[PDB]
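What follows is a short report on a single structure.
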Amino acid sequence: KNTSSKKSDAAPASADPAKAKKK
Amino acid sequence: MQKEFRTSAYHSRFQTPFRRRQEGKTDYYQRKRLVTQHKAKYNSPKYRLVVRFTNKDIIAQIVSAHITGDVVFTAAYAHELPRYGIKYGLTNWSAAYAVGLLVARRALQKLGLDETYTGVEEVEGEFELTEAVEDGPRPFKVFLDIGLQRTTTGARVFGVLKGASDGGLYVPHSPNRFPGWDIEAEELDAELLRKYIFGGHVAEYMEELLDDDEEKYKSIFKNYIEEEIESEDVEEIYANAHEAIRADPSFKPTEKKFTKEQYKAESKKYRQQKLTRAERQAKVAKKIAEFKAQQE
Amino acid sequence: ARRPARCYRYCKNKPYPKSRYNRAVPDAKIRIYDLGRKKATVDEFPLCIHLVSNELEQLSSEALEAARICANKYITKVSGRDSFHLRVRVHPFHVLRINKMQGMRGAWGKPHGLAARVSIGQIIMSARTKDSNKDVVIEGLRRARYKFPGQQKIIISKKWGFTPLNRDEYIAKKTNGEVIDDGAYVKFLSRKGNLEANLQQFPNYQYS
Amino acid sequence: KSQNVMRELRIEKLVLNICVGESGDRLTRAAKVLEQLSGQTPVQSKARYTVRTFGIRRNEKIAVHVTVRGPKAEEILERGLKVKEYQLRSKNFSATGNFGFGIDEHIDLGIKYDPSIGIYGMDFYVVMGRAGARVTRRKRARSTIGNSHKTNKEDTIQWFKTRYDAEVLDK
Amino acid sequence: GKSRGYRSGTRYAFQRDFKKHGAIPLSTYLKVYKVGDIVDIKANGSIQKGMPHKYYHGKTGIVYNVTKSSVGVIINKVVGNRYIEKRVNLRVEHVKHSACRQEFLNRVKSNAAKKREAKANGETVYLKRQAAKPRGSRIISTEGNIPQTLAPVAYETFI
RNA sequence: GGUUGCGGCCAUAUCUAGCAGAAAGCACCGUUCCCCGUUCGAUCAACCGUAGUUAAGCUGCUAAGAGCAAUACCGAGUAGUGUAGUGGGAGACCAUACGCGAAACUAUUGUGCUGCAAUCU
RNA sequence: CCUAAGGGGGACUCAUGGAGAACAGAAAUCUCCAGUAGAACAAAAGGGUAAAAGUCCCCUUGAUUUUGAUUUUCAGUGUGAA
RNA sequence: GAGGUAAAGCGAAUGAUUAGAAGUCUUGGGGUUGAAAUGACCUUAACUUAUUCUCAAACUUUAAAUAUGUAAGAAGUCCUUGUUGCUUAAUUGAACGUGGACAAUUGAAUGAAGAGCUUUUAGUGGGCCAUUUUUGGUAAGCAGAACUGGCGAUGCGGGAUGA
Ligand SMILES: NC[C@@H]1O[C@H](O[C@H]2[C@@H](O)[C@H](O[C@@H]3[C@@H](O)[C@H](N)C[C@H](N)[C@H]3O[C@H]3O[C@H](CO)[C@@H](O)[C@H](O)[C@H]3N)O[C@@H]2CO)[C@H](N)[C@@H](O)[C@@H]1O
Ligand SMILES: NC[C@@H]1O[C@H](O[C@H]2[C@@H](O)[C@H](O[C@@H]3[C@@H](O)[C@H](N)C[C@H](N)[C@H]3O[C@H]3O[C@H](CO)[C@@H](O)[C@H](O)[C@H]3N)O[C@@H]2CO)[C@H](N)[C@@H](O)[C@@H]1O
Ligand SMILES: [Mg+2]
Ligand SMILES: [Mg+2]
Ligand SMILES: [Mg+2]
Ligand SMILES: [Mg+2]
Ligand SMILES: [Mg+2]
Ligand SMILES: [Mg+2]
Ligand SMILES: [Mg+2]
Ligand SMILES: [Mg+2]
Ligand SMILES: [Mg+2]
Ligand SMILES: [Mg+2]
Ligand SMILES: [Mg+2]
Ligand SMILES: [Mg+2]
Ligand SMILES: [Mg+2]
Ligand SMILES: [Mg+2]
Ligand SMILES: [Mg+2]
Ligand SMILES: [Mg+2]
Ligand SMILES: [Mg+2]
Ligand SMILES: [Mg+2]
Ligand SMILES: [Mg+2]
Ligand SMILES: [Mg+2]
Ligand SMILES: [Mg+2]
Ligand SMILES: [Mg+2]
Ligand SMILES: [Mg+2]
Ligand SMILES: [Mg+2]
Ligand SMILES: [Mg+2]
Ligand SMILES: [Mg+2]
Ligand SMILES: [Mg+2]
Ligand SMILES: [Mg+2]
């Protein structure tokens, strides 16, 4: 019905920083 | 452990925006677009209808911009309406229309355009623009400057718009942001606009609330109760005001209970005054000395 | 493999450091810049002796490493491993190029080594130690002078250790409570900023 | 004066989160439960980016959440505090004066159970605030709220204990 | 491969001043330019329409045309052994009045006022400017200022 | 002089932490039939000025505050540089001569000024 | 390479960090605070951009017609582009 | 007016980089385990804070010298009001004008075998050298750019001899 819209300009990425299992 | 953000380098490289943008008051994108004049119309200025709403007041000003600062041509406030017969609801949509008409008539009187360009003397709420008179000077052109206020169909700023247009000023506009515009059927219900001009929505609210929650009409519309003004006689309140506004739109300043100098001296009584360098030196020496008590 | 140093003695080219534009650069032979008792406090080693360049010239990382080892070895041999703190004051950041590793066509060279570009009067090596170890440290530096091309002077600093204060201004500022230890270095008192923080950091501050 | 009427702590909003890890009918059912509980159309959240491990892809609709304000927020909140027998943790309160907890079954809240719908756990977060927060949210003349008028962790914990007679443990 | 594009080599020339990026103060759009005005040209990197070519960045010229949002400026550009008149179309964001007019127009008014006042006084006044001349004779008092004798100082090392 | 609306220059105006603020203004603030917009009258829209408050916004003051601005028997006539020699030096480089002349550093001082209109204890 | 990644308007603010919320963990979704741009803008790099030029939404076809002037390369010829 | 090179800077952004010190609840591990509590201790390593050594053709707040644009009047400055289909709400402006006022110190220096203008045509279109700036190269009587001056095209005095 209604969905949150995107605010993050890094629309074209792949995964994410911060992610890296070691932490 | 996270990085401290507010470093000295952060403050050093920071670029403050314009003073009136950091206050959140001026949209300089829109302001630039409104003000810039065709450079081949060399010193002829563009005139803005600045319309601002406070919680209690409507401010309508006719402004031309210059390098040393903006210059007001005329200004009409909503608190001038009690002189014209409107004492309550100083923020109606209808109060906005009245303020626009008042500022329009006052500006045309200042200019000399009274008998020519009277406007819509018989207000029926139909969309209409002030057409120039053939073989004569063009009507005073002003562009609406609504500032940061959102543009919505039914907004009060366009009440000042319609009042100023009916007052004889040429203000370019379309009727699709007026109350009574059918978005599905792209036509203006001029009946509903005439309704909004003469307080019809508030009147319908008075009658509908008294007969549903009479106690709530007693709390919201007290002032109407103590003046013995019911819903059925609201339209005349504006209609009379309209005539009076057209009869004498001239500006009358408030008789001032004090002169500028007494006000200045009284206010000057307050306001803390800066400490002298010697004073702060004594202050720092005192704090330096008073830090001893924790040598441990 | 390595050409004679005479081929790269002079600052003929613009600085060519490792960057985003050349990446396949070898490492400098010098990696260690502080030797001896580098954790000693400022009062332990008041006497400072510098080896100063009297040449605008390039010194290889190879020469820097060799001179560093020579000086370190001699002083640890004569006075003990804990009698000094030696610091090399120039870092080789300039990449030398070699061409062959036809003719002059497409002759842009490949990284070959690293060199430090030194000026006239520039300090190359600094050695803080005690006064009784002066003649030792000077001779440690005199040998290291042999591993370098050009002229170097051994100059006894007027200042206390690695500080910017003379050996007299340091005592005045220390007995006045304006200097505190920070490990191997010190912090000096400031008459600007937060009054409470400045006072907290320097409790022994005899204010005027 | 610290005892002013306008310094009164009060709920600004409660945000309802169901982070179903997949897409399709189950997420639709979470939206239906949220629409039942709150009486409002919820909003579906799309993955901001793709994770193969979690079985999600960017812009695949994963979670659903809805924001409720006013008297209804208090009612849903007390229905959820009942499930917790009025016992939160110290950690559950943020440094900004907001707090939250998470139920595990949505029928404990007091709604009808449907086998087709199933049970979803649910996540609750409350944004606390005094009067005058519109200053930081209004369009014109936006500013910040002064430090004394801000909500902090301790004021919210004490306010919660007083208004609900609950205990906030700190294990 | 050689590169000689329109904005080649303008990395620093077309930059905004440090801590001076962003919106244009509106006095730029409120200034009035008339045919015959002398204007300096300095490109604004943030307005890409009507930008002058990098040659005219830092040049000064005369307005010959006035349009809706732009002015036309005549520049004399050296091409070989003569000058060629160049006519550049510029938006007013890249244009500023030359400050050399107002000093010279002020020297004209000042000359006129003094000349008419010497005429009023039946006297003469001399208006040609003169370069700075050698200073005249003078006498130096030594009360509080007896000369202090200096000598060159010996050599020292301060490291 | 304070305050509001519109501004010019765009930190001497910003940031952080405290404290104070008469009058008026501004503000928070109350309500949802109507125009309008939202998951949410929170924002936006409309109504009341009625029930409350200077708590916040805002304003002013405090701080050997950070930042910013200005000044200089500060550093320094230093670095650099235009010009000259059948100057020094194997060279690297350096001195001198006629001129121009920084940046960092240090110290001190300051912390918005102002245009149009309106209004106020 | 793009019917939008062109044009206009409007609304929103990006990278990232801290503190918090069932399964849920370093990374799923939610909230507040901070956040001068540390992101995003097809493609190299530079410049430019914050109530926008970035993100999202609405409407569109100015990516249309007639030919002149000008800027860059320049012979002040052509082409491309503006 | 413009500039971003020399210099300078890095307890200023970006990027690089040496050393300690003091602290923190994802300390990253070992060790002394106490029986397990992740709750202490010794330790190394991470981060954070205030410092410290050294750097940049494709880094930078600042920022020269030299070189560089314009102006320094009679075709100038001011006053008044004529024309228009352009412009202004206008009797507002824009441009071009009529008429009037300001006289040789007519608005800096120095110079000027005078200034301006036109047509037509030759040879040439291999260059090289010196100082300084400068790129590739270990370098070259090597290769390539910047400004000027030269040789070429030029004898004469000097450098013995030598573009
Ligand atoms: N430096 C050598 C030592 O000092 C003396 O040697 C002296 C000289 O032999 C030597 O001078 C040499 C000279 O020989 C040779 N023919 C020319 C060379 N440039 C000079 O070099 C000298 O001056 C230059 C500056 O011009 C300096 O840079 C260099 O360090 C210095 N050695 O340097 C000293 C004076 O400058 C002793 N006689 C000798 O035994 C001892 O080893
Ligand atoms: N500052 C004086 C300047 O004089 C200059 O020139 C002046 C004269 O040299 C020039 O010539 C004019 C001519 O235009 C006009 N139509 C006729 C007039 N006789 C001429 O002027 C001269 O010519 C005669 C005849 O030889 C001379 O004897 C006499 O010096 C002078 N009257 O015209 C001007 C006088 O009308 C500029 N043209 C003028 O604009 C400017 O004011
Ligand atoms: Mg707008
Ligand atoms: Mg050999
Ligand atoms: Mg374009
Ligand atoms: Mg685009
Ligand atoms: Mg578009
Ligand atoms: Mg927009
Ligand atoms: Mg950064
Ligand atoms: Mg980063
Ligand atoms: Mg033509
Ligand atoms: Mg052409
Ligand atoms: Mg072309
Ligand atoms: Mg091209
Ligand atoms: Mg085109
Ligand atoms: Mg450059
Ligand atoms: Mg540089
Ligand atoms: Mg440099
Ligand atoms: Mg610097
Ligand atoms: Mg740095
Ligand atoms: Mg610094
Ligand atoms: Mg760094
Ligand atoms: Mg020929
Ligand atoms: Mg030929
Ligand atoms: Mg040849
Ligand atoms: Mg030939
Ligand atoms: Mg020949
Ligand atoms: Mg000759
Ligand atoms: Mg001869
Ligand atoms: Mg000879």
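Each chain in the structure tokens gets a letter, A, B and so on, in the order shown; residues start at 1 in every chain, and ligands are counted from 1 in the order they appear.
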Using only C-alpha atoms (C1' of nucleotides) and a distance of at most 7 Å, pull out the residues of chain G that contact chain D, as JSON, numbers by chain.
{"G": [19, 20, 21, 22, 28, 29, 30, 31, 32, 33]}
Expected file contents, prior selection, C-alpha atoms (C1' of nucleotides), as a PDB file, in the first residue's frame:
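File again.pdb, as written:
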```
ATOM      1  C1'   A G  19      23.160   6.098  22.088  1.00  0.00           C
ATOM      2  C1'   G G  20      18.940   2.786  22.034  1.00  0.00           C
ATOM      3  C1'   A G  21      14.622  -1.630  20.031  1.00  0.00           C
ATOM      4  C1'   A G  22      12.024  -9.780  19.842  1.00  0.00           C
ATOM      5  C1'   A G  28      18.415  -6.909   7.719  1.00  0.00           C
ATOM      6  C1'   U G  29      14.292  -2.945  10.104  1.00  0.00           C
ATOM      7  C1'   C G  30      13.012   1.022  13.616  1.00  0.00           C
ATOM      8  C1'   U G  31      14.280   5.901  16.918  1.00  0.00           C
ATOM      9  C1'   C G  32      16.719  10.184  18.678  1.00  0.00           C
ATOM     10  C1'   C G  33      20.985  13.259  18.675  1.00  0.00           C
TER      11        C G  33
END
```
Env. residues ligand 14 / 8 Å / only C-alpha atoms (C1' of nucleotides) and all ligand atoms / as a PyMOL selection string
(chain E and resi 4-6) or (chain G and resi 73+80-81)
File dump, residues just selected, C-alpha atoms (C1' of nucleotides), as a PDB file, in the first residue's frame:
```
ATOM      1  CA  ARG E   4      43.454  21.674 -24.985  1.00  0.00           C
ATOM      2  CA  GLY E   5      39.766  21.871 -24.035  1.00  0.00           C
ATOM      3  CA  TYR E   6      37.739  24.978 -23.276  1.00  0.00           C
TER       4      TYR E   6
ATOM      5  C1'   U G  73      40.892  26.070 -31.725  1.00  0.00           C
ATOM      6  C1'   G G  80      33.176  20.165 -33.394  1.00  0.00           C
ATOM      7  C1'   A G  81      31.383  22.392 -29.121  1.00  0.00           C
TER       8        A G  81
END
```
Distance-based interface of chain B with chain G, 8 Å, counting only C-alpha atoms (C1' of nucleotides), as a ChimeraX atom specification:
/B:2,13-15,27
Okay, now the selection with C-alpha atoms, as a PDB file, in the first residue's frame?
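again31.pdb was written with the following content:
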```
ATOM      1  CA  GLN B   2      34.877   7.589  18.934  1.00  0.00           C
ATOM      2  CA  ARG B  13      37.058  25.568   7.946  1.00  0.00           C
ATOM      3  CA  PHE B  14      33.311  26.047   8.572  1.00  0.00           C
ATOM      4  CA  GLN B  15      31.539  28.475   6.164  1.00  0.00           C
ATOM      5  CA  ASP B  27      14.808  31.459   0.751  1.00  0.00           C
TER       6      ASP B  27
END
```
Name all residues at most 10 Å from residue 136 of chain H (count only C-alpha atoms (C1' of nucleotides); drop same-chain ones fewer than 5 positions away) and give them as a PyMOL selection string.
(chain C and resi 104-109) or (chain H and resi 143-144)
Mind dumping the selected residues with N, CA, C and O atoms (P, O5', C5', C4', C3', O3' and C1' of nucleotides) as a PDB file, in the first residue's frame?
```pdb
ATOM      1  N   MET C 104      66.808   5.387 -26.165  1.00  0.00           N
ATOM      2  CA  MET C 104      66.171   6.449 -25.404  1.00  0.00           C
ATOM      3  C   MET C 104      64.672   6.542 -25.641  1.00  0.00           C
ATOM      4  O   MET C 104      64.021   7.334 -24.952  1.00  0.00           O
ATOM      5  N   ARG C 105      64.109   5.768 -26.558  1.00  0.00           N
ATOM      6  CA  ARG C 105      62.661   5.755 -26.765  1.00  0.00           C
ATOM      7  C   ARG C 105      61.950   5.112 -25.580  1.00  0.00           C
ATOM      8  O   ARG C 105      62.323   4.019 -25.148  1.00  0.00           O
ATOM      9  N   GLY C 106      60.918   5.793 -25.054  1.00  0.00           N
ATOM     10  CA  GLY C 106      60.148   5.291 -23.922  1.00  0.00           C
ATOM     11  C   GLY C 106      61.001   5.072 -22.686  1.00  0.00           C
ATOM     12  O   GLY C 106      60.954   4.011 -22.053  1.00  0.00           O
ATOM     13  N   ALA C 107      61.797   6.089 -22.347  1.00  0.00           N
ATOM     14  CA  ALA C 107      62.869   5.983 -21.365  1.00  0.00           C
ATOM     15  C   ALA C 107      62.446   6.313 -19.941  1.00  0.00           C
ATOM     16  O   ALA C 107      63.312   6.371 -19.065  1.00  0.00           O
ATOM     17  N   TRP C 108      61.165   6.559 -19.683  1.00  0.00           N
ATOM     18  CA  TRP C 108      60.739   6.828 -18.313  1.00  0.00           C
ATOM     19  C   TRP C 108      61.118   5.673 -17.395  1.00  0.00           C
ATOM     20  O   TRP C 108      60.753   4.521 -17.651  1.00  0.00           O
ATOM     21  N   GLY C 109      61.887   5.972 -16.342  1.00  0.00           N
ATOM     22  CA  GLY C 109      62.398   4.913 -15.500  1.00  0.00           C
ATOM     23  C   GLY C 109      61.383   4.431 -14.478  1.00  0.00           C
ATOM     24  O   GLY C 109      60.336   5.038 -14.256  1.00  0.00           O
TER      25      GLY C 109
ATOM     26  P     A H 143      71.170  16.553 -29.672  1.00  0.00           P
ATOM     27  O5'   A H 143      69.746  16.127 -29.105  1.00  0.00           O
ATOM     28  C5'   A H 143      69.055  15.018 -29.651  1.00  0.00           C
ATOM     29  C4'   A H 143      67.762  14.753 -28.925  1.00  0.00           C
ATOM     30  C3'   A H 143      66.845  15.946 -28.725  1.00  0.00           C
ATOM     31  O3'   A H 143      66.121  16.318 -29.879  1.00  0.00           O
ATOM     32  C1'   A H 143      67.009  14.768 -26.706  1.00  0.00           C
ATOM     33  P     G H 144      65.789  17.867 -30.155  1.00  0.00           P
ATOM     34  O5'   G H 144      64.692  18.226 -29.055  1.00  0.00           O
ATOM     35  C5'   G H 144      63.452  17.537 -29.035  1.00  0.00           C
ATOM     36  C4'   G H 144      62.595  17.905 -27.847  1.00  0.00           C
ATOM     37  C3'   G H 144      62.253  19.371 -27.670  1.00  0.00           C
ATOM     38  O3'   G H 144      61.258  19.830 -28.569  1.00  0.00           O
ATOM     39  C1'   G H 144      62.841  18.454 -25.581  1.00  0.00           C
TER      40        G H 144
END
```
Give the residue list for ligand 21 at 9 Å, counting only C-alpha atoms (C1' of nucleotides) and all ligand atoms, as a PyMOL selection string, sorted by chain and then by residue number.
(chain F and resi 104) or (chain H and resi 9-12)
For a quick test of understanding: name the residues of chain E lying within 7 Å of chain G when counting only C-alpha atoms (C1' of nucleotides), and present them as a short mmCIF file (atom, residue, chain, number, x, y, z; two decimals) with N, CA, C and O atoms, in the first residue's frame.
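Result file part_34.cif:
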```cif
data_model
loop_
_atom_site.label_atom_id
_atom_site.label_comp_id
_atom_site.auth_asym_id
_atom_site.auth_seq_id
_atom_site.Cartn_x
_atom_site.Cartn_y
_atom_site.Cartn_z
N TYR E 6 38.16 23.60 -23.55
CA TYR E 6 37.74 24.98 -23.28
C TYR E 6 38.16 25.44 -21.89
O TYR E 6 38.63 26.57 -21.72
N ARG E 11 41.91 24.97 -13.00
CA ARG E 11 41.61 24.30 -11.74
C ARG E 11 41.54 25.30 -10.59
O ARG E 11 40.64 25.22 -9.74
N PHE E 14 39.15 29.17 -11.69
CA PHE E 14 37.70 29.19 -11.64
C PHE E 14 37.16 28.71 -10.31
O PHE E 14 35.94 28.58 -10.15
N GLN E 15 38.04 28.48 -9.34
CA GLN E 15 37.61 28.13 -8.00
C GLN E 15 36.97 29.32 -7.30
O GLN E 15 37.33 30.48 -7.54
N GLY E 45 32.82 30.01 -10.80
CA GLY E 45 32.78 28.61 -11.16
C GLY E 45 31.41 28.00 -10.94
O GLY E 45 31.08 26.98 -11.56
N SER E 46 30.60 28.62 -10.06
CA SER E 46 29.29 28.08 -9.71
C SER E 46 28.19 28.46 -10.69
O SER E 46 27.12 27.85 -10.66
N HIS E 53 35.56 32.79 -21.32
CA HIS E 53 36.71 31.93 -21.53
C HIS E 53 37.84 32.34 -20.59
O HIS E 53 37.90 33.47 -20.09
N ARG E 87 34.37 40.39 -28.61
CA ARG E 87 33.06 40.74 -28.07
C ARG E 87 32.52 39.51 -27.34
O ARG E 87 32.08 38.56 -27.98
N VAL E 88 32.55 39.56 -26.01
CA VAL E 88 32.25 38.41 -25.16
C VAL E 88 30.90 38.63 -24.49
O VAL E 88 30.65 39.70 -23.91
N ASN E 89 30.04 37.63 -24.57
CA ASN E 89 28.74 37.65 -23.90
C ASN E 89 28.89 37.03 -22.51
O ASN E 89 29.29 35.87 -22.38
#
```
Counting only C-alpha atoms (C1' of nucleotides), which residues of chain F come no farther than 10 Å from chain E, as a count of residues only?
3
Residues at most 10 Å from ligand 27, using only C-alpha atoms (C1' of nucleotides) and all ligand atoms? Could they come as a PyMOL selection string?
chain H and resi 126-127+152-153
Near residue 70 of chain E, within 12 Å and counting only C-alpha atoms (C1' of nucleotides), which residues show up once chain neighbours fewer than 2 positions away are dropped, as a PyMOL selection string?
(chain B and resi 36-40) or (chain E and resi 28-29+31-34+49-52+63-68+72-73+88-96)
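For the atom pair formed by atom CA of residue 166 of chain C and atom CA of residue 157 of chain E, the distance is 11.9 Å, given to one decimal.
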Step one, run DSSP on the backbone; step two, keep only residues of chain D assigned to strand (DSSP E); then write them as number ranges by chain.
D: 10-18, 43-46, 61-68, 87-89, 99-103, 122-129, 167-169
List as a tab-separated table every residue of chain H that is in contact with ligand 23, defined as an atom at most 9 Å from one of its atoms (using only C-alpha atoms (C1' of nucleotides) and all ligand atoms), together with the nearest atom pair and the distance in Å rounded to one decimal, sorted by chain and then rising number.
```
residue	atom	partner	partner_atom_place_in_ligand_line	distance
H:122	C1'	ligand 23	1 (Mg)	7.6
H:123	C1'	ligand 23	1 (Mg)	7.5
H:124	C1'	ligand 23	1 (Mg)	8.0
```
Keeping only N, CA, C and O atoms (P, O5', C5', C4', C3', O3' and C1' of nucleotides), write those residues as a PDB file, in the first residue's frame.
```pdb
ATOM      1  P     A H 122      56.078  36.330 -54.641  1.00  0.00           P
ATOM      2  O5'   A H 122      57.637  36.444 -54.359  1.00  0.00           O
ATOM      3  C5'   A H 122      58.533  36.707 -55.425  1.00  0.00           C
ATOM      4  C4'   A H 122      59.885  37.121 -54.917  1.00  0.00           C
ATOM      5  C3'   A H 122      60.610  36.121 -54.035  1.00  0.00           C
ATOM      6  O3'   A H 122      61.294  35.125 -54.770  1.00  0.00           O
ATOM      7  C1'   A H 122      60.699  38.260 -53.043  1.00  0.00           C
ATOM      8  P     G H 123      61.105  33.574 -54.404  1.00  0.00           P
ATOM      9  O5'   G H 123      62.067  33.367 -53.152  1.00  0.00           O
ATOM     10  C5'   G H 123      63.479  33.465 -53.269  1.00  0.00           C
ATOM     11  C4'   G H 123      64.077  33.825 -51.936  1.00  0.00           C
ATOM     12  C3'   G H 123      63.878  32.789 -50.843  1.00  0.00           C
ATOM     13  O3'   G H 123      64.858  31.770 -50.860  1.00  0.00           O
ATOM     14  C1'   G H 123      63.256  34.910 -50.034  1.00  0.00           C
ATOM     15  P     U H 124      64.471  30.265 -50.472  1.00  0.00           P
ATOM     16  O5'   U H 124      63.987  30.343 -48.959  1.00  0.00           O
ATOM     17  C5'   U H 124      64.876  30.671 -47.909  1.00  0.00           C
ATOM     18  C4'   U H 124      64.124  30.855 -46.618  1.00  0.00           C
ATOM     19  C3'   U H 124      63.284  29.668 -46.176  1.00  0.00           C
ATOM     20  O3'   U H 124      64.052  28.683 -45.505  1.00  0.00           O
ATOM     21  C1'   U H 124      62.040  31.685 -45.944  1.00  0.00           C
TER      22        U H 124
END
```
